[PDB]
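Visitor: Structure provided below as structure tokens; questions to follow.
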Amino acid sequence: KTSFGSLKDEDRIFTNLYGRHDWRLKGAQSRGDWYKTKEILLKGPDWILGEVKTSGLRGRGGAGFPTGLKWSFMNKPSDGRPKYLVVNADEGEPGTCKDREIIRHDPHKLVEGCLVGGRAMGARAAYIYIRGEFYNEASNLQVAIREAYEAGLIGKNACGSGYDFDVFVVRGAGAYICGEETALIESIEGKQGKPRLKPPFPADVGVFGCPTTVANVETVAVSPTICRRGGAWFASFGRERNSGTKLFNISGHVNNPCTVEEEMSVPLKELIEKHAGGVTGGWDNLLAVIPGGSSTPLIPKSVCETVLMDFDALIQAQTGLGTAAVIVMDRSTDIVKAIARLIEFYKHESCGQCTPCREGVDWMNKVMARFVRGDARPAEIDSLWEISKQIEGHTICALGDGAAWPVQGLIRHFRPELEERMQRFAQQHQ
Amino acid sequence: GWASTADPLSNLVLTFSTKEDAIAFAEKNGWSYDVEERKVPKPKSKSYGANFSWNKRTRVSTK
Amino acid sequence: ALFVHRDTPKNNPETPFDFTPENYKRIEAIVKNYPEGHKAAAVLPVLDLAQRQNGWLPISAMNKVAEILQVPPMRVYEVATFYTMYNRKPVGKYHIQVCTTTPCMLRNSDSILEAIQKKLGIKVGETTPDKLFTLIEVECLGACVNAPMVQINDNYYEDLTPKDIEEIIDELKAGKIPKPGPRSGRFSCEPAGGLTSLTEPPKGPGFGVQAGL
Ligand SMILES: NC(=O)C1=CN([C@@H]2O[C@H](COP(=O)(O)OP(=O)(O)OC[C@H]3O[C@@H](n4cnc5c(N)ncnc54)[C@H](O)[C@@H]3O)[C@@H](O)[C@H]2O)C=CC1
Ligand SMILES: Cc1cc2nc3c(=O)[nH]c(=O)nc-3n(C[C@H](O)[C@H](O)[C@H](O)COP(=O)(O)O)c2cc1C
Ligand code: SF4
Ligand code: FES
């Protein structure tokens, strides 16, 4: 199979994504949820891990780490401490709104994924860390958890399998840095949401010092479907090491901004022109696309023609898949102002613990503000490139890389526009 | 109001690589001397994972 | 926007504050959600509950949280100052937050911001003289495909136009709470031009189950 896309409705994991059916237990149970869960819980942890790692599922958070190895890191005998599965439902990355849909419309899929994942690695409980702004989504999740508890699906003797498992929901307080896994762990513990240093990895020391595995909502909600349908069915879609389906949020200067599930190796042009109704003013009006939210470098129109939205082909286009959040900017957009707003967002959302991000991101914010005004010189463009290279790779967490990358992409693909801006400011203001 | 002195050896500081060279230099010049042993810091046990202990008192209240 | 505290008659450590008994039971449930020996993990939800009861956080809820959780007050001060959802100043009854991040900026959110500004007669970061509205500008709120959008307290108002946000403000001034949803034709996140996916009925239980399970 060389061409990918045009996924049928029978192969979609996230049915009732748009909320057109019942989100409660009665409607979810008629859609295949909570079916034969006792069999998966009784087939052992290693069988679940083998089913996960045969499908080749990679982490949907944005790092793209393989899920089977990451989950099997906690398949070790316990030393008296409990083990915890922690679900990252923060979703603070701009352009990304898939986890809100998953929580709001399919909560029982998330609960079943929590139970199956906790059985796969011997977790004592589950801690769902939802965004603090998602009050209604958190209340819907609490209602569904109550319905699952009252039906005997979780709790003491969960699903009649002899396994004890609790699901908890913890609400955040409005911090984008708390989406980082170690910062999430620190925020659950009642501290400031500042990330830790690795090693120790969360499988060794995590929440409360216990072994902990932090997993995304999307990579958890698909696990019962993986164990039920099979790993080969999930691996039948996408390329090598890019298996399965993916939720895309198409937004920006597009006709129909929407969230839609699609095959992993779908072309970007086909995805945009099919699901979102095309960009405004036709395909020739496209100017730039950010494929993975604000943490990924942007690509111009000449690259989006022949690119595929998986991990490897987007890596080879010197960008990343990210969270599969496609932000589209047409020719009526100031690209410098958009990237400056992104850097301003990164300056506002930065924990300030470690030196290079804390100083340098504000430095880049000031430099890009002067770039938007045009009050600079090309020597400052090369200086900003060097500063971005100095920030990246020298920080505790990956927010510094996520703030360095968009500037590098903007410089690399739109240096003539910036130079024209500063030269017209110099010739107008003097 | 300046600081006046009558001691020519007030600013005399001599540097030696090892203790025995200093001892021999002092004994050669007829100076009664005293020797203080070198104090070195003993090695510590440093662990970043001790800040998040499950049941020990070495947890940090903040970071 | 100051991260130091100065004593005022309105905000002093002698300002009266205490939880209601039902809130004490809720605090007990929150504490019971956590392992023993790690009672300090409940600093965030109890502080949020105090803000929900009071509407803002003077320096009497912080000390009360430190007292009922046996944690130092400095840790509660750090928690309150780090996160942006906690209000250390008294905001109005309706706290309007307008997202101006780039996916919302591309869909003309500044038009919504200036619409709110000329409807309320204030600017960003200010409060109406009758203490009913507060207008601030925030980062992304996880509704980027429904841009432009605002958040009023717990509710999300999405796909807004200047006329729609003016209608929301006028209805809020009358005392009635609007429906927290997109004001366009779509319901939650579907494409406006019909359903391009998930148009079939779901297959149901036992569909595609592998053998041996
Ligand atoms: N989803 C979102 O909202 C956002 C996603 N991102 C993306 O997230 C990524 C950065 O996130 P991180 O988790 O910090 O980076 P990633 O490099 O570290 O690590 C992913 C996971 O693999 C584990 N891991 C990796 N190597 C390991 C080893 N040798 N031993 C044990 N565990 C190991 C880590 O513990 C972590 O849980 C970037 O790709 C960025 O684009 C960035 C911003 C927002
Ligand atoms: C600044 C920052 C913010 C992040 N925010 C989120 C987030 O909101 N949701 C998420 O799932 N992962 C987020 N991540 C990625 C996590 O560190 C981690 O990779 C993820 O929670 C679990 O990865 P997985 O998809 O393999 O399960 C963020 C990372 C960084 C550096
Ligand atoms: S890179 Fe920035 S957000 Fe990340 S640990 Fe350092 S200061 Fe905090
Ligand atoms: S960019 Fe405004 S809700 Fe995400």
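We name chains A, B, ... following the order of the structure tokens; residues begin at 1 in each chain, and ligands are numbered from 1 as shown.
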Can you pull out every residue from region 256-406 of chain A that DSSP, working from the backbone, puts in alpha helix (DSSP H), and format the result as a ChimeraX atom specification?
Guide: /A:268-275,301-304,311-315,335-348,355-373,378-391,399-406
Visitor: Could you please extract the residues within 9 Å of ligand 1, counting only C-alpha atoms and all ligand atoms, and hand them back as number ranges by chain?
Guide: A: 59-67, 69-70, 73, 88-94, 96, 176-177, 179-182, 198-203, 213-216, 292-296, 320-323, 397-399, 401-402
Visitor: Set the distance at 8 Å and use only C-alpha atoms: which residues neighbour region 27-35 of chain C once local chain neighbours fewer than 4 positions away are removed? I'd like the list as a PyMOL selection string.
Guide: (chain A and resi 168) or (chain C and resi 23+39+41-42+45-46)
Visitor: Near chain A, meaning an atom within 8 Å, which residues of chain B appear when counting only C-alpha atoms? Write them as a ChimeraX atom specification.
Guide: /B:48-49,52-54,61-63
Visitor: Using N, CA, C and O atoms, can you write the selected residues to a file as a compact mmCIF listing (two decimals), in the first residue's frame?
Guide:
```
# COMPACT_ATOMS: atom_id res chain seq x y z
N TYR B 48 19.61 13.35 43.03
CA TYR B 48 18.48 14.19 42.66
C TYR B 48 17.16 13.52 42.97
O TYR B 48 16.16 14.20 43.22
N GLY B 49 17.13 12.19 42.97
CA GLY B 49 15.90 11.47 43.28
C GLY B 49 15.54 11.45 44.74
O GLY B 49 14.44 11.00 45.08
N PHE B 52 12.35 13.64 46.01
CA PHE B 52 10.99 13.14 45.84
C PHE B 52 10.86 11.75 46.44
O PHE B 52 10.38 10.81 45.80
N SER B 53 11.32 11.59 47.67
CA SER B 53 11.25 10.30 48.32
C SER B 53 9.81 9.96 48.71
O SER B 53 9.00 10.84 49.00
N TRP B 54 9.50 8.66 48.70
CA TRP B 54 8.14 8.23 49.00
C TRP B 54 7.85 8.32 50.50
O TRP B 54 6.75 8.71 50.90
N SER B 61 9.99 20.69 50.12
CA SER B 61 8.66 21.29 50.16
C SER B 61 8.35 22.08 48.90
O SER B 61 7.17 22.25 48.57
N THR B 62 9.37 22.55 48.19
CA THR B 62 9.19 23.26 46.94
C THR B 62 10.44 23.06 46.09
O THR B 62 11.33 22.28 46.44
N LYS B 63 10.51 23.77 44.98
CA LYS B 63 11.61 23.62 44.04
C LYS B 63 11.80 24.87 43.21
O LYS B 63 11.64 25.99 43.70
```
Visitor: Throw together the list of residues within 7 Å of ligand 4, counting only C-alpha atoms and all ligand atoms, and drop it here as a PyMOL selection string.
Guide: (chain A and resi 94-96) or (chain C and resi 99-104+139-144+147-149)
Visitor: For the selection you just gave me, I'd like the residues written to a file as a short mmCIF file (atom, residue, chain, number, x, y, z; two decimals), in the first residue's frame, keeping N, CA and C atoms.
Guide:
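The result, written out as out-v1.cif:
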```
data_model
loop_
_atom_site.label_atom_id
_atom_site.label_comp_id
_atom_site.auth_asym_id
_atom_site.auth_seq_id
_atom_site.Cartn_x
_atom_site.Cartn_y
_atom_site.Cartn_z
N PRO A 94 -1.56 25.43 21.65
CA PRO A 94 -2.50 26.11 20.75
C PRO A 94 -2.69 25.36 19.44
N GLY A 95 -3.92 25.37 18.94
CA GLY A 95 -4.30 24.59 17.79
C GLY A 95 -4.81 23.20 18.12
N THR A 96 -4.55 22.71 19.33
CA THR A 96 -4.90 21.35 19.73
C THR A 96 -6.14 21.39 20.60
N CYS C 99 -9.52 34.95 24.31
CA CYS C 99 -8.30 34.33 23.84
C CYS C 99 -7.79 35.06 22.61
N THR C 100 -6.52 35.47 22.64
CA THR C 100 -5.90 36.19 21.54
C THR C 100 -4.64 35.49 21.03
N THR C 101 -4.57 34.17 21.18
CA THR C 101 -3.45 33.43 20.63
C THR C 101 -3.63 33.34 19.11
N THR C 102 -2.57 32.94 18.41
CA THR C 102 -2.54 33.01 16.95
C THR C 102 -3.66 32.26 16.23
N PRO C 103 -4.05 31.02 16.58
CA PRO C 103 -5.22 30.43 15.90
C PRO C 103 -6.52 31.18 16.12
N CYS C 104 -6.67 31.89 17.24
CA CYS C 104 -7.82 32.76 17.44
C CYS C 104 -7.60 34.14 16.85
N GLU C 139 -4.46 33.33 27.05
CA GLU C 139 -3.81 32.49 26.05
C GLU C 139 -4.82 31.47 25.53
N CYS C 140 -4.35 30.43 24.85
CA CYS C 140 -5.23 29.46 24.22
C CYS C 140 -6.06 28.71 25.25
N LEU C 141 -7.31 28.42 24.89
CA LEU C 141 -8.27 27.79 25.79
C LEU C 141 -8.75 26.44 25.29
N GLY C 142 -8.09 25.85 24.30
CA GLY C 142 -8.48 24.54 23.82
C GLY C 142 -9.75 24.52 23.00
N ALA C 143 -10.07 25.61 22.33
CA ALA C 143 -11.23 25.70 21.44
C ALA C 143 -10.82 26.35 20.13
N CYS C 144 -9.69 25.90 19.58
CA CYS C 144 -9.05 26.61 18.48
C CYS C 144 -9.79 26.42 17.16
N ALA C 147 -12.63 28.96 16.96
CA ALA C 147 -12.21 30.34 17.08
C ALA C 147 -13.11 31.24 16.24
N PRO C 148 -13.32 32.50 16.66
CA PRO C 148 -12.90 33.13 17.92
C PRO C 148 -13.86 32.80 19.05
N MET C 149 -13.37 32.84 20.29
CA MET C 149 -14.17 32.40 21.42
C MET C 149 -13.76 33.15 22.67
#
```
Visitor: Can you pull out the residues contacting residue 154 (chain A)? Cut-off 9 Å, using only C-alpha atoms, and skip same-chain residues under 6 positions away; I want them as a PDB file with C-alpha atoms, in the first residue's frame.
Guide:
```pdb
ATOM      1  CA  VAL A 111     -12.119   5.165  31.601  1.00  0.00           C
ATOM      2  CA  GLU A 112     -11.802   1.757  29.916  1.00  0.00           C
ATOM      3  CA  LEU A 115      -8.452   0.377  33.421  1.00  0.00           C
ATOM      4  CA  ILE A 145     -16.829   7.709  36.322  1.00  0.00           C
ATOM      5  CA  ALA A 148     -18.903   3.165  35.842  1.00  0.00           C
ATOM      6  CA  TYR A 163      -8.494  -6.544  40.013  1.00  0.00           C
ATOM      7  CA  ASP A 164      -8.810  -3.437  42.186  1.00  0.00           C
ATOM      8  CA  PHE A 165      -8.601  -0.091  40.404  1.00  0.00           C
ATOM      9  CA  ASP A 166      -9.661   3.477  41.201  1.00  0.00           C
ATOM     10  CA  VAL A 167      -9.976   6.451  38.848  1.00  0.00           C
TER      11      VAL A 167
END
```
Visitor: Give the answer as one residue: which of C:111, C:97, C:12, C:128 has the shortest atom-to-atom distance to chain A, using only C-alpha atoms?
Guide: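 So, comparing all the options, the nearest one is C:97.
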